[PDB]
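Topology and contacts: notes
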Amino acid sequence: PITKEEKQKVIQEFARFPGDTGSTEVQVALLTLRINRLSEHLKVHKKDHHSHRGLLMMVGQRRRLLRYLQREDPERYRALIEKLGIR
Amino acid sequence: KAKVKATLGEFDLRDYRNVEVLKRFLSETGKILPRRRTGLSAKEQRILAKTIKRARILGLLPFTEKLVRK
Amino acid sequence: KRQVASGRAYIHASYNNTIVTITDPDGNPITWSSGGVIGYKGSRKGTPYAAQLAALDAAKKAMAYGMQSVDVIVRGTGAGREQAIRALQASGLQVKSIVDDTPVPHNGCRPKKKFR
Amino acid sequence: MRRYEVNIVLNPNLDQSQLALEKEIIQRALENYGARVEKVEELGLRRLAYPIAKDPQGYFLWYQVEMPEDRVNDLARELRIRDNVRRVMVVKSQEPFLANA
RNA sequence: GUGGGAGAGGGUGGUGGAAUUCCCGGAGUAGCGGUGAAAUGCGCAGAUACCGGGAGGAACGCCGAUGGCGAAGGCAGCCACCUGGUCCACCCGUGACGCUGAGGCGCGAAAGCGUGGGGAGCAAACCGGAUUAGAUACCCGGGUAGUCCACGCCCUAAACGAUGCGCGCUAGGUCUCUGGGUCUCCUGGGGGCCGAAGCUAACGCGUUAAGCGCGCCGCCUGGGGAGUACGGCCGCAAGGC
Ligand SMILES: [Mg+2]
Ligand SMILES: [Mg+2]
Ligand SMILES: [Mg+2]
Ligand SMILES: [Mg+2]
Ligand SMILES: [Mg+2]
Ligand SMILES: [Mg+2]
Ligand SMILES: [Mg+2]
Ligand SMILES: [Mg+2]
Ligand SMILES: [Mg+2]
Ligand SMILES: [Mg+2]
Ligand SMILES: [Mg+2]
Ligand SMILES: [Mg+2]
Ligand SMILES: [Mg+2]
Ligand SMILES: [Mg+2]
Ligand SMILES: [Mg+2]
Ligand SMILES: [Mg+2]
Ligand SMILES: [Mg+2]
Ligand SMILES: [Mg+2]
Ligand SMILES: [Mg+2]
Ligand SMILES: [Mg+2]
Ligand SMILES: [Mg+2]
Ligand SMILES: [Mg+2]
Ligand SMILES: [Mg+2]
Ligand SMILES: [Mg+2]
Ligand SMILES: [Mg+2]
Ligand SMILES: [Mg+2]
Ligand SMILES: [Mg+2]
Ligand SMILES: [Mg+2]
Ligand SMILES: [Mg+2]
Ligand SMILES: [Mg+2]
Ligand SMILES: [Mg+2]
Ligand SMILES: [Mg+2]
Ligand SMILES: [Mg+2]
Ligand SMILES: [Mg+2]
Ligand SMILES: [Mg+2]
Ligand SMILES: [Mg+2]
Ligand SMILES: [Mg+2]
Ligand SMILES: [Mg+2]
Ligand SMILES: [Mg+2]
Ligand SMILES: [Mg+2]
Ligand SMILES: [Mg+2]
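For each chain, positions are counted from 1 along the sequence as written; this may not be the entry's numbering. Residues without coordinates are not shown. For this description, chains carry letters from A and ligands carry numbers from 1, given in the order in which they are written. Part of a larger assembly is shown; the reported values describe that part exclusively. Heavy atoms throughout the structure, all of them, feed into the side-chain values; hydrogens and water do not.

This entry lists X-ray crystallography as its structure determination method and reports a resolution of 3.7500 Å.

Quick look at the overall build of chain B
Going by this rule: Helix numbers and strand numbers start at the N terminus; a helix is a DSSP run of H or I with at least 4 residues, a strand a run of E with at least 2. Classification of residues uses two cut-offs on accessible area relative to the type maximum, computed with a 1.4 Å probe and protein chains only: under 20% is buried, over 50% is exposed, and between them is partly exposed. Every residue pair with non-hydrogen atoms within 4.5 Å of one another is taken to be in contact. Here the Shrake-Rupley method, with its probe set to 1.4 Å, supplies the accessible areas, and only the displayed protein chains count as covering residues. Neither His nor the chain ends contribute to the count of charged residues, in which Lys and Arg are positive and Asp and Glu negative. A charged residue contributes its charge at one atom only: NZ of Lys, CZ of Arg, CG of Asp or CD of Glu.
Counting its regular elements, chain B contains 3 helices and 2 strands. The secondary structure elements of chain B, listed N-terminal to C-terminal, are β-α-α-α-β. The principal-axis extents of the C-alpha atoms in chain B amount to approximately 35 × 30 × 20 Å. Counting only residues that meet the buried cut, chain B has 39% of its 70 residues in that class. For chain B, contacts bridging at least 24 residues in sequence account for 59% of all contacts bridging at least 6. Put simply, chain B shows about 4,200 Å² of open surface, and 52% of that area lies on carbon and sulfur atoms. If you average the places of the 20 positive and of the 7 negative side-chain charges in chain B, the two averages end up 8 Å apart.

With respect to the sheet that holds strand β5 (residues 94-100) of chain C
Let me state the cut-off plainly: A pair of strands is treated as paired once DSSP finds two or more bridges between them. Lines fitted to the C-alpha atoms define the axes, with helices restricted to the stretch that makes contact. Angles between their N-to-C directions range from 0 to 180 degrees.
On the basis of which strands lie adjacent, the open sheet formed by 6 strands has the order β2(B)-β5(C)-β4(C)-β1(C)-β2(C)-β3(C) and mixed pairing. Strand pairing shows two members of the sheet lacking a second neighbour, β2 (67-68) of chain B together with β3 (29-33) of chain C, which therefore form its edges. Helix-sheet contacts for helix α1 (residues 48-64) of chain C involve β2 (18-23) and β3 of chain C, and the interaxial angle to β3(C) is about 145°. On the sheet, helix α2 (residues 81-89) of chain C packs against β1 (6-13), β4 (69-75) and β5 of chain C and is oriented at approximately 160° with respect to β5(C).

Some words on the pairing of β5(C)
One face of the sheet, then the other: side chains in a regular strand alternate in exactly this way. Of the strand pairs in this sheet, β2(B) and β5(C) are connected by 2 bridges, and their pairing is antiparallel. Of the residues in β5(C), the one forming a bridge with B:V68 is C:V99. Pairing of β4(C) with β5(C), which is carried by 5 bridges, proceeds in the parallel orientation. Note that in β5(C) the partner of C:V70 across the bridge is C:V95.

Some words on the protein's contact with RNA strand E
This is how the line gets drawn: Here, proximity means that at least one heavy atom of the residue falls within 4 Å of the molecule or strand. Two N or O atoms form a polar contact when they lie within 3.5 Å of each other; inside protein one atom must be a possible hydrogen donor and the other a possible acceptor, and for residues adjacent in sequence the pair counts only when both atoms belong to side chains. Each residue gets one of three labels, nonpolar for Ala, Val, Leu, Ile, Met, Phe, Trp, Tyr, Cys and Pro, charged for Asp, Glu, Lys and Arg, and polar for the others, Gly among them.
In the neighbourhood of RNA strand E, 94 residues make up the surrounding shell, with A:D48, B:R56, C:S34, C:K114 and D:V90 lying closest. For RNA strand E, the fraction of atoms within 4 Å of the protein that belong to sugar or phosphate moieties is 77%. A distance of 3.4 Å is found between a sugar or linking oxygen of RNA strand E and a backbone nitrogen or oxygen belonging to C:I30. In the environment of RNA strand E, a phosphate oxygen lies 2.8 Å from a nitrogen or oxygen atom belonging to the side chain of D:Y4. Here the surface near RNA strand E is composed, by residue class, of 30 nonpolar, 31 polar and 33 charged.

Quick word on the nonpolar core
We count it as follows: Joining through side-chain atoms within 4.5 Å is the link that ties buried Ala, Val, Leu, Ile, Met, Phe, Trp, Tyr and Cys residues into a set, and such a set is a nonpolar core.
If you look at the biggest cluster of nonpolar residues, it comprises 26 residues, and the most contacted ones within it are B:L22, B:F25, B:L48, B:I52 and B:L61. Listing elements by their share of this core, those giving two or more residues are α1 (19-22) and α3 (42-57) of chain B together with β2 (36-52), β3 (55-67) and β4 (85-92) of chain D. When residues in this core are grouped by element, the largest group, 4 residues, is from α3(B). For B:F25, the contacting residues outside a window of four places in its chain are B:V4, B:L8, B:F11, B:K31, B:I32, B:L33, B:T38, B:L40, B:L48 and B:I52. One finds C:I11, C:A55, C:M67 and C:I85 within the second-largest nonpolar core, a separate group that totals 22 residues.

Considerations on helix α1 (residues 4-14) of chain A
All names here are of chain A. The line we're drawing: Directions from the helix axis toward the C-beta atoms define the arc.
Those residues of α1 that fall on the buried side of the exposure criterion are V10, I11 and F14. Seen end-on, α1 carries its buried residues on one side only, within an arc spanning 100°. For α1, exposure combined with an orientation more than 90 degrees from the buried face picks out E5, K9 and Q12. Contacts from the buried residues of α1 go to α2 (24-43) and α4 (74-84).

Quick look at unusual backbone geometry
Residues and elements named next belong to chain C. In the Ramachandran plot, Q3 falls in the positive-phi region, its phi being about 55° despite a non-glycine side chain. Structurally, the position occupied by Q3 is in the segment before β1. Using a relative accessible area of 61% as the deciding quantity, one classes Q3 as exposed. The phi angle at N107 is positive, at roughly 65°, despite the residue not being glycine. Tracing the backbone shows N107 in the segment after β5.

Considering the arrangement of the chains
Looking across the 3 pairs of chains in contact, one finds the most contacts between chains B and D. At the level of C-alpha atoms, the two units chain A and chain B stay apart, their nearest approach being 25 Å. Of all C-alpha pairs spanning chain A and chain C, none lies closer than 27 Å, and the two are not in contact.

Brief notes about a positive patch on the surface
Residue and element names in this part refer to chain A. Selection criterion: Each patch is assembled from residues with relative accessible area greater than 30% and no salt bridge, linking like charges that lie within 9 Å and nonpolar side chains (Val, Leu, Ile, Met, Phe, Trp, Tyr) that lie within 5 Å. A carboxyl oxygen of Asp or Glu within 4 Å of a side-chain nitrogen of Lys or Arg is what we treat as a salt bridge.
Residues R63, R64, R67 and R87 make up a contiguous surface patch of positive charge. Along the chain, the position of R64 falls in helix α3 (residues 49-72). Accessibility expressed as a relative area gives 56% for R64, which makes it exposed.

Re the pairing of β3(C)
One ladder, built from 4 bridges, connects β2(C) with β3(C); its direction is antiparallel. Counted as the bridge partner of C:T21 is C:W32 from β3(C).

A short note on the sheet that holds β2(D)
Residue and element names in this part refer to chain D. What the 4 strands build is an open sheet, ordered β2-β3-β1-β4; its pairing is antiparallel. Each end of this open sheet is capped by a strand with a single partner; those strands are β2 and β4. Taking each pair of neighbouring strands and ignoring which way they run, the sheet shows an average axis angle of 20°. Where β2 lies against β3, 11 bridges are found, and the strand directions are antiparallel. For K39, the partnering residue across the bridge sits in β3 and is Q64. Sheet strands in contact with helix α2 (residues 72-79) are β1 (2-10), β3 and β4, and its direction is about 165° off that of β4.

Below, the structure written as structure tokens:
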């Protein structure tokens, strides 16, 4: 799955500063990893429909945070998207 | 009548391998007793059910037995 | 022509009939009777009187082969399932033990419309 | 790597030539799948609750290991291959939940 | 975020015993079955009942609950892998990023359809036997599609809590599941029962609102005609909106 080892590796990479656990950049980073953990789980197991629902809620939440970042500071949005290869 | 947990020690509820204690929770048949006769709690009985089923597959507890009466 | 003198007796009691088989301790039968072996023909077979007479017919048949000790096995519920047991203890055959082995499935086969 | 428990019941009629073979075969299968064995308990001749393979008894083994998770079901497949091997039950380890404590 | 927690949540593979059917052998005579009674049916080519061995498919007894999970449909052997939702303790982080939601898209019991399998039990149609005034039925014996699996359609329902979602507020008592806690109890989050104020036409609802409010969507305007006609979109068709 997703262990706390791999978890901290992402938080410290996208932290705006030491100790930051809840920045918009960090949330989108964390959300996007479970996106890829699930989308690669759904390439196989195409008949797993109940897990398909949780994926739609993660994308909606990821785009909800990105649409917010767009409005406040558009630069860090581009620095984030280019760093995650989205859109 | 007495209840099983009442007359018993401090035991591992997740140990499927201890037949001696698991034989106490089976009836005359291989059936699993209701909570009323075991004196267990909600979460306890749910663990016992699964651990007995484990012992059944290992051939340690019987699936069913024969009643000697009537 | 066997001289068994000990063995098992299976009572298969249904609501339409009660039937008794007498076997040796290995399970292989010796003689047997039922509600139809005695004169009864129709619904009269699943009655406690027929169950009693069928049990006692097999018992006397087992006396020919010399049965004395008898272990009793019972399968199914039916009118006269108990009247067959009671008939067997007083049949002269010393009854060793009585066991109920009625097979109960683990919900594996779909029953007929009657049973649902 | 998570921690598991292995239960193996085999035919309780083996001499030492076949018993050592069957078990060192199990050792060989654990090596090939990366099972770090933490401890072992051997019960052996034990009265079964119902006939298994027409035999009223079974020879019991128990191993506690730590191995990668993805390889478990292929390890279970590798153990039931042996004819003498009859029962193979692999359970993820759990805490000894106490009752009437 | 961190640390814990419960679960028939899902998918994949694997696997265990009970039972039915069928085959093989042993043993064993004269009927079994079935009903309010019976008859078709099966049985001397030896059935039923008993023991043993084997095959196959489907469903998981007890635990099991007025219980749990899920958005709804719905989800019960056990094991493992992948995996989703959710809840609690800390008061750590971002700093209104929120709610609803016409379209769209995805899910959607059962039945039905296509291709290929599978086929034990059950069983529309149908073949029989009875009952009857008649039996195109209930009861009985057989029995195909189908039920199961894979892949693709179909989009209906008493899809029910006949109660859309989210939030705030408004006496309690009691039963319960699961967490935490200074663990007669307190404190949360669900699942039940009584009931304050109040609402309601009444039955009844009543911190899980049908109460007091607020935001947004869906929908209603007499019955039959009629969920029919026409048109359109969708569908292989049945037919659906
Ligand atoms: Mg009769
Ligand atoms: Mg084997
Ligand atoms: Mg599950
Ligand atoms: Mg599953
Ligand atoms: Mg034969
Ligand atoms: Mg005849
Ligand atoms: Mg004939
Ligand atoms: Mg004939
Ligand atoms: Mg003939
Ligand atoms: Mg076949
Ligand atoms: Mg029940
Ligand atoms: Mg719920
Ligand atoms: Mg329902
Ligand atoms: Mg989980
Ligand atoms: Mg703070
Ligand atoms: Mg702060
Ligand atoms: Mg600040
Ligand atoms: Mg929403
Ligand atoms: Mg919509
Ligand atoms: Mg559907
Ligand atoms: Mg279907
Ligand atoms: Mg089909
Ligand atoms: Mg039938
Ligand atoms: Mg029929
Ligand atoms: Mg009439
Ligand atoms: Mg007629
Ligand atoms: Mg209405
Ligand atoms: Mg409203
Ligand atoms: Mg507590
Ligand atoms: Mg509550
Ligand atoms: Mg009032
Ligand atoms: Mg009420
Ligand atoms: Mg409310
Ligand atoms: Mg109203
Ligand atoms: Mg309308
Ligand atoms: Mg009108
Ligand atoms: Mg219609
Ligand atoms: Mg028109
Ligand atoms: Mg049309
Ligand atoms: Mg067309
Ligand atoms: Mg229609």
